[PDB]
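**Q**
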RNA sequence: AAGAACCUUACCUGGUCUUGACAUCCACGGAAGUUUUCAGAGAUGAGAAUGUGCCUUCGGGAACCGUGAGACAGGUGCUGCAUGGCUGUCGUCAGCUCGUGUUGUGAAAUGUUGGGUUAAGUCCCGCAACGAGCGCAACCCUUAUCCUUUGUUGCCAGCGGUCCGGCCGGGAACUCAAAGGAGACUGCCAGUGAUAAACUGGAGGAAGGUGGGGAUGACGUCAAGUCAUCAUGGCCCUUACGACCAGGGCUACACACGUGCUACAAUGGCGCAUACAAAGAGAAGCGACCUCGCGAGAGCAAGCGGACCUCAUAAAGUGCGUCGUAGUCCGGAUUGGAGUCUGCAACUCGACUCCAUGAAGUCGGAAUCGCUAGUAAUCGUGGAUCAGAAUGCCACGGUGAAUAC
């Protein structure tokens, strides 16, 4: 804000696995205030992915977020017509935040029949660097590098 | 003031008890059959104008048919006029 | 209309309400009719007597009318000669036994409605409004309450355009809820039309 | 739409139907009411239904089984 | 108490209620539950009180 | 003898009576896992008791009404924290750091005239 | 047994009305229980404020009708002939159920 | 406009009335009232009935009814650029003035500003200005915590006894309910700042820098809206711009625009079972229970003018079975047939129920709106108006975010 900086309302760990990142994940994925239906699809997709892939439940979303975790962000420095994309090292809160927003938007975009399938497919395709969220991450880095007038 | 609406309404009040409210129940029992017979025609001879359905609720003071409130017997600007000047008992502002 | 109205909030917390009677809501309207049908009458009859404040309470089987005024004598009369005919018709319009009590109050200029009707009576007699307004505020502030203002509006000075004019002596904290402020309105009438008078009087605090 | 237990025919118009049993078919009758129901005992009448500005002469037939007089009276106007 | 049968609009006397040594009128009667809805005009206002048939006498 | 705590969460109301015994919880004359412990708000009631490790020490008889699943569990949460005075106060001093001793001031804001709800304003025209 | 029920328009009028109702029965000699709260009714009224053009502005008023229940336990001869007629509470609608 | 089938209704087509539909006053005769007959769409004209009560100094009142006459009454007629009153709006942004003193021939200037600080003309320092008034915080209401008083129509922890029903002793502890108090006042410490105001962190506390929300909108502005809520100057109508009655219009249709609601789906559709509310209203009322009809609803039929009785079964949620990306078991438009409820009466122009029909629509161009935390979003409940009729207005709660570099 203008008068002072304000950090968004802090959250507590999730009731099932005790992770503060999964709490933010289910909150962003939630629709119409129905947290129960949201976490039900998140846990169902995570369990089906951990069973299908054969990896641990921790790495089933940590490596999937890691492949969509950016290392640079864009600053609007006005050089290219009152807007620009100067690159700078992303802060950790923003680093995991942009990754979650992209993988959730990719799950919304995916054409699979069930949201559990759309999420388990984006989570699978992300970790092998082929998903839609990977395309989003590997397009902004190119645009930021192309618009690197300053650093 | 528009004396017409007040005159019509005052006339309908007395005439809606002079003919209606006593023989209307007979129409409700016979015409809307409860246990066609020919006794129904004699109960449709009531006055068309004097019917309670025609009666429109109006303000006690000015006869305004819109904005009326049945409980206080006045209109919203009349309730506001008395309410602001402290003439309605305990009608304090709502500030919860 | 942005200015705050004091009589809707002062009578709830610091001042007592002008209608303390309790009645049933299911028959409130008819009772309200009988309540208002004598307040117009008392306003008409006590126009020559210059009424200052009335508090009427109707328990639904009797009606207690309490009246304040400059001179209780003209209203009561010699031993009750005048007041009996007023009580008779009030008891006939309301249908219940009327109890009328006129209280003696020294210096009635500290009440808004008295000064309001006084200026209104001076506007029908065609005398100057500025001198009438100045005396109405001057011989009320020096004699008592810590603040008074009178805002007249409407065809002032015989002009063909709308205007406002007002004097303010002392201080009137109108947005202060604990302030005891008496406020009434009065509409005069002349050939130019209706003139609106508003008077605020601030006596003290709780 | 219509009355539940029987066709409501207007009182004065019922008097006109009773006088029509004795007087038979006649010239168009300009009445003001439109709240009457059609039935087999009403076929053959040549009454004129009111429509504000004018009175439309309607001839009753079998095809008007549940309609009222007001469904044949032009009140509004088209361009 | 005598005069066990009552009728609407008749004056009675309160004996077992808080309004003893005073009279009043019954606005509504309930013969089914045998309860009298009597009002006492005290302080200028109506005061609904419940009375039994056998406890009070007709005036 | 008994250890009591009321607790409230925005619409709900509970009476948490802590009696010595087994580690089970009785809520509305029914078990914990049956009512909602296998679904939403499963372990929020356990967060005050997790810090002190009272696993089989005290039985809780609770009667709660009002609100919904979260509201009832929040009333049970504030009831347990209010009823945590059973022994010496050296354990609630660490429970304050967790943030459950504090009564939440998060309550619904009223609807206002001209608005569809608490803060939503009607759509403004483009021109 | 004497289920007194009071109905008033002000919070500082009904507790004072039931103060004499408790004192003029407790002192003379009877069995009396304290006043039951009996929840206050809040009646709201929302009306349009402007006379000729008013789309989203309204003025909101309300009335709080207070209630009380004394419920005298034993109707002894001392309280039957001394309880009422002395409070002068004209703004309290008393109702009594036996 | 917080309710247009007639009425409402002001507007229109026809039928009528002129001291009148409403009011003061004069004269004359008649108790008022309750009856029906013919004609007309009715307003209404034209007859046949019955009664003559209370009570007066019998001048026969006091009530009312009919006729006649003038003074007159009446108008939601015109003008919110002749007005009162009320209201939107700038804007709850922190501003706006009065006494002296002083300066300039004077309009005017200072005060009303330079430095910190806050939401604030809030406070302090500095200082040719010193003081005061309106406004802001401030006194009001609710919420967040505790104590005292208080237990029926509300409740059942420590206790037991039975219809296993708080139902009954008892407790009145306490869920809840409602009066009176206490508590938050930069107060406690440290640091910073000027040693002043003030700021940051920590402790206590349920809550620290007006804890959260609401009410309350300065001097003034738009000749802003309302002669149609009412009042009112001037002007106009007066066997007519007045008044009554039936029907019609206010709902039309080659169109444009605003505010809203429902959709385009497997996050969901259908079917069964099941858990938890708050705020209100209710006597020509809410209408249990029982029976009939698939049903909308009808008949019979308790309780209460209200923590008792009813509206009222809270819904999203959660378990399974079904359908698998289709113009589909998505979504329902339009139309026909057959009914129910209110009301003289559903007639252009109403609600709801049953059967049949299943348009458009694949998240929408340019553009644009609302929201900083219990908010946005989503799902239900009640109320005003209401003979009977809301996706609008007002109010209440369930779940409950995202994001601020």
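Residue numbers (PDB author numbering), protein chains in the order written: chain F, 1 to 151; chain M, 1 to 35, 41 to 101; chain B, 1 to 206; chain S, 2 to 80; chain V, 123 to 181; chain H, 3 to 129; chain I, 5 to 102.
From the three backbone atoms N, C-alpha and C, an ideal C-beta is built for every residue, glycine too.
Between which two residues does the alpha helix (DSSP H) harbouring residue 133 (chain V) extend?
**A** In the fifth chain, counting from the first residue as 1, residue 133 (chain V) sits at position 11. Note, residue 133 (chain V): premise wrong, no alpha helix (DSSP H); beta strand (DSSP E) at 133-135.
**Q** Which value, in whole angstroms, describes the spacing of the CA atoms of residue 73 (chain F) and residue 1 (chain F)?
**A** Walking along the first chain from the start, residue 73 (chain F) turns up at place 73. Walking along the first chain from the start, residue 1 (chain F) turns up at place 1. Roughly 20 Å between the two C-alpha positions.
**Q** Please determine whether the Cβ atom of residue 47 (chain M) lies at a distance below 6 Å from any heavy atom of the ligand NAP.
**A** No copy of the ligand NAP occurs in the structure displayed, which carries no ligand at all.
**Q** Taking 7 Å as the threshold (beta carbon to beta carbon), is residue 20 (chain B) in contact with chain I?
**A** Indexing the third chain from 1 puts residue 20 (chain B) at position 20. By this cut-off, residue 20 (chain B) is an interface position.
**Q** Three-state secondary structure (DSSP) at residue 63 (chain H)?
**A** Within the sixth chain, numbered from 1, the residue matching residue 63 (chain H) stands at position 61. DSSP places residue 63 (chain H) in strand when its eight states are reduced to three.
**Q** Residues in its own chain within less than 8 Å of residue 74 (chain M) by CB, not counting five upstream and five downstream?
**A** Counting from one through the second chain, the residue named residue 74 (chain M) turns up at place 69. Once the five neighbours on either side are set aside, the close Cβ partners of residue 74 (chain M) are 80, 81 and 84.
**Q** Between the C-alpha atoms of residue 53 (chain S) and residue 85 (chain B), what's the straight-line distance to the nearest angstrom?
**A** As a working mapping, residue 53 (chain S) is identified with position 52 in the fourth chain. As a working mapping, residue 85 (chain B) is identified with position 85 in the third chain. Roughly 58 Å between the two C-alpha positions.
**Q** With contact counted as at least three CB pairs below 8 Å, one residue from each stretch, are the stretch 182-202 of chain B and the stretch 96-107 of chain B in contact?
**A** At 8 Å Cβ cutoff, the stretches do not touch.
**Q** Tell me whether residue 7 (chain B) is buried or exposed, calling it buried when 16 or more other Cβ atoms sit within 10 Å of its Cβ.
**A** Here residue 7 (chain B) refers to the residue found at position 7 of the third chain. Counting Cβ neighbours within 10 Å, residue 7 (chain B) comes out buried, since at least 16 surround it.
**Q** I believe residue 152 (chain B) touches residue 197 (chain B) by the beta-carbon criterion, under 8 Å. Please report the beta-carbon distance rounded to the nearest angstrom.
**A** As a working mapping, residue 152 (chain B) is identified with position 152 in the third chain. As a working mapping, residue 197 (chain B) is identified with position 197 in the third chain. Yes, residue 152 (chain B) and residue 197 (chain B) are in contact; Cβ-Cβ is about 5 Å, under 8 Å.
**Q** Output needed for residue 77 (chain I): all residues of its chain with C-beta closer than 6 Å, excluding positions within five of it in sequence on either side, in chain order.
**A** For the purposes of this step, residue 77 (chain I) is taken as residue 73 along the seventh chain, with counting starting at 1. Answer for residue 77 (chain I): 35 and 37, listed in chain order.
**Q** At a CB-CB cut-off below 8 Å, which residues of chain M make contact with residue 28 (chain B)?
**A** Taking the first residue of the third chain as 1, we reach residue 28 (chain B) at position 28. By Cβ distance, chain M contributes 76, 77 and 78.
**Q** Any contact of the stretch 108-124 of chain B with the stretch 42-53 of chain B, i.e. 3+ C-beta pairs under 8 Å?
**A** Touching, yes.
**Q** Strictly below 7 Å CB to CB, what residues from chain B border residue 13 (chain I)?
**A** As a first step, residue 13 (chain I) is located in the seventh chain; it is residue number 9 there, counting from the start. Within 7 Å Cβ-Cβ: 22.
**Q** Between the C-alpha atoms of residue 36 (chain S) and residue 58 (chain I), what's the straight-line distance to the nearest angstrom?
**A** Taking the fourth chain and counting its residues from 1, one reaches residue 36 (chain S) at position 35. Taking the seventh chain and counting its residues from 1, one reaches residue 58 (chain I) at position 54. About 39 Å.
**Q** Which same chain residues end up closer than 6 Å to residue 40 (chain I) when comparing Cβ atoms and leaving out the 5 residues on each side of it in sequence?
**A** As a working mapping, residue 40 (chain I) is identified with position 36 in the seventh chain. Result list for residue 40 (chain I): 73, in chain order.
**Q** Starting from residue 72 (chain M), find everything on chain I with Cβ-Cβ shorter than 8 Å and list it in chain order.
**A** In the second chain, counting from the first residue as 1, residue 72 (chain M) sits at position 67. Per Cβ cutoff of 8 Å: 51 and 52.
**Q** At which residues does the alpha helix (DSSP H) containing residue 76 (chain H) begin and terminate?
**A** On the sixth chain, position 74 is the one that residue 76 (chain H) refers to. Segment 71-84, the alpha helix (DSSP H) holding residue 76 (chain H).
**Q** Decide if the stretch 78-94 of chain I is in contact with the stretch 135-150 of chain V; the criterion is three or more beta carbon pairs, one per stretch, under 8 Å apart.
**A** They touch, by the three-pair rule.
**Q** Using 10 angstroms around the beta-carbon of residue 39 (chain F), count the other beta-carbons present and answer buried if the total reaches 16, otherwise exposed.
**A** Here residue 39 (chain F) refers to the residue found at position 39 of the first chain. It counts as buried.
**Q** Quick check on the DSSP output: the alpha helix (DSSP H) that includes residue 91 (chain B) runs from which residue to which?
**A** Position 91 of the third chain, counted from the start, is the residue given in the question as residue 91 (chain B). Where residue 91 (chain B) is concerned, the enclosing alpha helix (DSSP H) stretches over 83-94.
**Q** With contact counted as at least three CB pairs below 8 Å, one residue from each stretch, are the stretch 48-67 of chain H and the stretch 12-27 of chain H in contact?
**A** Verdict: yes, contact present.
**Q** Between the stretch 146-167 of chain V and chain B, which residues of the former have CB atoms less than 8 Å from a CB of the latter, in chain order?
**A** Result list: 163, 165, 166 and 167.
**Q** Could you work out which residue in F:89, F:148 and F:46 is closest to residue 124 (chain F) when comparing CA atoms only?
**A** Counting from one through the first chain, the residue named residue 124 (chain F) turns up at place 124. When each option's Cα is compared against that of residue 124 (chain F), the closest is F:46.
**Q** Looking only at C-alpha atoms, which of V:145, V:151, V:174 and V:171 sits nearest to residue 130 (chain V)?
**A** In the fifth chain, counting from the first residue as 1, residue 130 (chain V) sits at position 8. Minimum Cα distance to residue 130 (chain V) is reached at V:151.
**Q** Going by other Cβ atoms of all chains shown within 10 Å of its Cβ, with 16 needed for buried, is residue 85 (chain F) buried or exposed?
**A** Stepping through the first chain from its first residue, residue 85 (chain F) is reached at position 85. Looking at its Cβ environment, which holds 16 or more other Cβ atoms inside 10 Å, residue 85 (chain F) is buried.
**Q** Report the three-state DSSP secondary structure of residue 62 (chain M) (helix, strand or coil).
**A** Taking the first residue of the second chain as 1, we reach residue 62 (chain M) at position 57. Residue 62 (chain M): coil per DSSP, three-state reduction.
**Q** I need the straight-line Cα distance from residue 17 (chain I) to residue 135 (chain V), nearest angstrom please.
**A** As a first step, residue 17 (chain I) is located in the seventh chain; it is residue number 13 there, counting from the start. As a first step, residue 135 (chain V) is located in the fifth chain; it is residue number 13 there, counting from the start. About 29 Å.
**Q** Which two residues bound the contiguous alpha helix (DSSP H) that contains residue 50 (chain H)?
**A** Here residue 50 (chain H) corresponds to residue number 48 of the sixth chain, with the count starting at 1. It spans 48-54 - the alpha helix (DSSP H) in which residue 50 (chain H) sits, taken as one unbroken run.
**Q** So that I know if they touch, is there some Cβ in chain M lying closer than 7 Å to that of residue 175 (chain B)?
**A** On the third chain, position 175 is the one that residue 175 (chain B) refers to. Cβ-Cβ to chain M under 7 Å: no for residue 175 (chain B).
**Q** Give the list of continuous alpha helix (DSSP H) stretches no shorter than 4 residues that lie fully inside the stretch 11-76 of chain S.
**A** The qualifying runs are 12-24.
**Q** Do residue 174 (chain B) and residue 163 (chain B) count as a contact pair if the criterion is CB distance below 7 Å?
**A** What you label residue 163 (chain B) is simply residue 163 of the third chain in a count that begins at 1. What you label residue 174 (chain B) is simply residue 174 of the third chain in a count that begins at 1. Against a cut-off of 7 Å, the Cβ pair of residue 174 (chain B) and residue 163 (chain B) comes out as no contact.
**Q** Given a threshold of 16 other Cβ atoms within 10 Å of its Cβ, counted over all protein chains shown, does residue 143 (chain F) qualify as buried or as exposed?
**A** Counting from one through the first chain, the residue named residue 143 (chain F) turns up at place 143. So residue 143 (chain F) counts as exposed.
**Q** Mind reading off the beta-carbon distance from residue 61 (chain S) to residue 50 (chain S)? Whole number of angstroms is fine, and I expect it under 8 Å.
**A** The residue labelled residue 61 (chain S) in the question sits at position 60 within the fourth chain. The residue labelled residue 50 (chain S) in the question sits at position 49 within the fourth chain. The Cβ separation is near 10 Å, so there is no contact.
**Q** Does any CB atom of chain I fall closer than 7 Å to the CB of residue 68 (chain M)?
**A** If you number the second chain from 1, residue 68 (chain M) lands on position 63. Cβ-Cβ to chain I under 7 Å: no for residue 68 (chain M).
**Q** Taking residue 5 (chain S) as the query, report the chain M residues whose CB atoms sit under 7 Å from its CB, ordered along the chain.
**A** Indexing the fourth chain from 1 puts residue 5 (chain S) at position 4. 32, listed in chain order.
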